[PDB]
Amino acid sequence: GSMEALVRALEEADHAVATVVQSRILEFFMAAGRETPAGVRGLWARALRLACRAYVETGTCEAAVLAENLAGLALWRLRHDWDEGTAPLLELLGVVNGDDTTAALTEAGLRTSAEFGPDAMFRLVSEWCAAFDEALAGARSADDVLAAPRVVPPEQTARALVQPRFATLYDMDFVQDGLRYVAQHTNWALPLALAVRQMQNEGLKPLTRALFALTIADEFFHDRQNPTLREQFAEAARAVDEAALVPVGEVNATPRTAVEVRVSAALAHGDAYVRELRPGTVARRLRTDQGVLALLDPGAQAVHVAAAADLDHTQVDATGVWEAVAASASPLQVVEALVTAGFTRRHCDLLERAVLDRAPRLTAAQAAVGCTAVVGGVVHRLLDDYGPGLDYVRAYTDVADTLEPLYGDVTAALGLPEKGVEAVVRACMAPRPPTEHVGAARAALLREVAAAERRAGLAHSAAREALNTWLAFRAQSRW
């Protein structure tokens, strides 16, 4: 514990010698001990009083940097459990900026207005917590999205939390963990909103709409039953032309696959949440021959995933959707091209398996389906993490590093150059963190040191090269 150690140290007295206290401060300046909000709150008043007292009984430069920027130095390594939300951080800030902090620093001849001082930190972390609370006010459950399928660009996910006003907070651990938390709680809803929009799209055919309904039930509701989803599926299913089913008594009429069993059990019962058949229960399966495409909409043929995966009988047209996926320059673009075309997360997984089983001798039309599904499965892995922070940089790097071992052997067969898959994923999902903020925080902390040096009549101080080496290590170790 950095604050804890600092308190023990400065408590040893010996304040009548400047360098003994000047070393105990330089240690903390570079210590690694992470803090907790309750732990800072419980130690703040004493730690700040010590700092203030170390500077009143030494006058040295490092004591004054420590006291003036103790607020930001202590926040920088704070580890917060974001399930508790902002209130523990506001409560902390309340202690940091209380009247005893201003009296302690004022009475010591120091400032309250350093960039990482109690005034700047209280004002800025308060605005940030306010932005955080606002970013979490969205849809709490899938039922909310189904009622209001608002489409949120993931490019906007947590963006108010990394605006320039908060540049000097950006490298703090609790900020980076909060971006991660916000991403985790917002991005999942976009594929659901896009699917709900198709299911409710009155310019699509009933079979198309009925299948989108079933993908929604399976990806986002499992066994939790939504009455609107039930109502939507039954209305579309009841209007599906009976010409789309294999008639009873034909060879291979029975549903052949886990997918076909699930689609058939729902249609037969008019119930999205029926997924099995009673052994002996007669269920018509959907045709998977090229003719059944006439019952689908041209742009979303893959939403009938059993037909699109029946490659020896049927070739779905995925050239248009591959054109849009391959030209996508943002998360919103690529996810919207994927989901509206029927390349949900599960369909990407199934169509990737069905096409790569034909490798290396693919036709151009199959390669279009396989590129869409392959890129698609990477996008769906990345989407829930997409954000402007270091966590998404970590998550993207881990996913990108798996692409060559997964697909190095089949990219030529798909018509892609070497690293073709990484090329497309980078173009629409590459991390876009405002890394300039790292430099802004370092500049700010070092300006405060500069002021301390000049105040102490120094062209250079020990505090500078120590804080420098701490910040310099974090910028390389993290970013």
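The first residue of the sequence shown is number 1, and the count goes up from there.
Which of 96-104 and 203-211 has higher mean CA B factor, as the PDB entry lists it: Per the deposited B-factors, the answer is 96-104.
Between the two ranges 356-364 and 142-150, the one averaging a larger CA B factor in the entry: In the deposited entry, the stretch with the higher C-alpha B-factor mean is 142-150.
Among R165, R111, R79, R123, where is the Cα temperature factor highest, going by the PDB entry? Highest C-alpha B-factor among the listed options: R111.
Which one of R426, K419, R432, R447 shows the top CA temperature factor in the record? In this record, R447 carries the highest C-alpha B-factor of the candidates.
Third assignment of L190 from its chain's C-alpha B-factors: Answer is lowest: the recorded C-alpha B-factor places it there.
Ranked by Cα temperature factor within the chain, is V56 in the lowest third, the middle third or the highest third? It falls in the top third of the chain.
According to the PDB entry, is the CA B factor of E404 in the bottom, middle or top third of its chain, that is, lowest, middle or highest? CA B-factor rank for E404: middle third.
Consider only the C-alpha atoms of the modelled residues in this chain, order them by B-factor as the entry records it, and name the third containing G291: lowest, middle or highest. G291: CA B-factor falls in the middle third of its chain.
Compared with the other modelled residues in the chain, in which third is the CA B-factor of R224? Ranked within chain, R224 CA B lands in the highest tercile.
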